[PDB]
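Read the structure below first, then the notes.
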Amino acid sequence: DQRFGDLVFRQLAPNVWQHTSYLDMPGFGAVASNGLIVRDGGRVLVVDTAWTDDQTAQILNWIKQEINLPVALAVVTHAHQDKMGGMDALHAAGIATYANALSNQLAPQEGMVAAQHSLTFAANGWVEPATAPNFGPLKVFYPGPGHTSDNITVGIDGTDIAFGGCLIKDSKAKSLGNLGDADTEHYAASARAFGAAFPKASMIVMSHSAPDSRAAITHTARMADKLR
Ligand SMILES: C[C@H](CS)C(=O)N1CCC[C@H]1C(=O)O
Ligand SMILES: [Zn+2]
Ligand SMILES: [Zn+2]
Numbered sequence: 016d017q018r019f020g021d022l023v024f025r026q027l028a029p030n031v032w033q034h035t036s037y038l039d040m041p042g043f044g045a046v047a048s049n050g051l052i053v054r055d056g057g058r059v060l061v062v063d064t065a066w067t068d069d070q071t072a073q074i075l076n077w078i079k080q081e082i083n084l085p086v087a088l089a090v091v092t093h094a095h096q097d098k099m100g101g102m103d104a105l106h107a108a109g110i111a112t113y114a115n116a117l118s119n120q121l122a123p124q125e126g127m128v129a130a131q132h133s134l135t136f137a138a139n140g141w142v143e144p145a146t147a148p149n150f151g152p153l154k155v156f157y158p159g160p161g162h163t164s165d166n167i168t169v170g171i172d173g174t175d176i177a178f179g180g181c182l183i184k185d186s187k188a189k190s191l192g193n194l195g196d197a198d199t200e201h202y203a204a205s206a207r208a209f210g211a212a213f214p215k216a217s218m219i220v221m222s223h224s225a226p227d228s229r230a231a232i233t234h235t236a237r238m239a240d241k242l243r
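Under the deposited numbering, the residue at position 211 of the sequence shown is numbered 226, and the numbers go up by one with no gaps.
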């Protein structure tokens, strides 16, 4: 782990790093959230902001120091603060931003700034490619409603990594966390659909646990079975 200001960065693969940021949530403690940073040749791609604009600017500072290539785009994985709280920092930096159309719709009411571009998805869950131009190795999949109605997931081609965002918890998690915005009927199926979309991914990265094996997916889905 590299501590960089109040954030933590961890290399996961030759071209992939996890960013971690923290927010004091009165009544919960200081909650970690993870996203990703991917180098694709001469550019960098970001998955999720940090909780705040200031923290997100720090991600960009770390990128400048440790990679020193332009950030071509960011994709954010639903309209909650841990994933979209730093949108303004990305925009101030001139970075093109992408989210599920539904996330952009929900952003204002959730207290978020919308991304500049909207992703749309085929019936089978795969992103419509024209809406995700120049995404390089990022393979974006809508697994169905679960943690939220708008949650999306991202595989990284050329690696063993798939990112479940807040949909997936690790194999030892005691619960699925706050289900206030969740689709309890469909959660289990959505978790399993994520697994089926990225069947060869052996490292599952997620927002609120450290990277784990595919047991994160099976355990998450099994816990979600109980919501029905
Ligand atoms: C505010 C975030 C948005 S995904 C959240 O709901 N969290 C963060 C950690 C788990 C869960 C919770 O509070 O129950
Ligand atoms: Zn969330
Ligand atoms: Zn979250």
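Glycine included, every Cβ here is placed at the ideal spot set by N, Cα and C.
Taking the CA atoms as reference points, residue 120 sits about 36 Å from residue 16. Closest option to residue 48, judged by alpha-carbon separation, among 39, 55, 54: 39. Between the alpha carbons of residue 215 and residue 170 lies a distance of about 10 Å. When 124, 113, 228, 89 are compared, the shortest CA-CA separation from residue 184 is found for 228. In this structure, ligand 3 has no non-hydrogen atom nearer than 7 Å to the beta-carbon of residue 132. When rounded, the separation of the alpha-carbon atoms in residue 195 and residue 96 is 14 Å. Put simply, the backbone Cα of residue 225 is about 24 Å away from that of residue 79. DSSP places residue 202 inside the alpha helix (DSSP H), whose first and last residues are 202-212. Assignment of residue 73 by DSSP, reduced to helix, strand and coil, places it in the helix class.
Take the alpha-carbon of residue 34 and the one of residue 50: they are about 5 Å apart. Residue environment analysis places residue 241 among the exposed positions, since fewer than 16 neighbouring C-beta atoms fall within 10 angstroms of its C-beta.
Linking residue 155 to residue 20 through their CA atoms gives a straight-line distance of about 30 Å.
Contact between residue 176 and residue 27 holds: their C-beta atoms lie close to 6 Å from each other, under 8 Å. In its chain, beyond the 5 residues on either side, 133, 135 have a beta carbon closer than 6 Å to the beta carbon of residue 116.
Residue 191 sits close to residue 238, with the two beta carbons spaced by under 8 Å. In the displayed model, residue 124 falls within coil according to three-state DSSP, outside both helix and strand. With a cutoff of 7 Å, residue 162 counts as near ligand 2, since its C-beta is closer than that to a heavy atom of the ligand. Of the heavy atoms belonging to ligand 2, none sits nearer than 7 Å to the Cβ of residue 234. Non-local beta-carbon contacts of residue 199 in its own chain, meaning distances under 6 Å to residues more than five positions away in sequence, involve 242 in chain order.
Residue 180 sits away from residue 193, with the two beta carbons spaced by 8 Å or more.
Residue 176 sits in a strand when the DSSP states are folded into three classes.
Non-local beta-carbon contacts of residue 220 in its own chain, meaning distances under 8 Å to residues more than five positions away in sequence, involve 27, 33, 49, 51, 176, 177, 178, 179, 226 in chain order.
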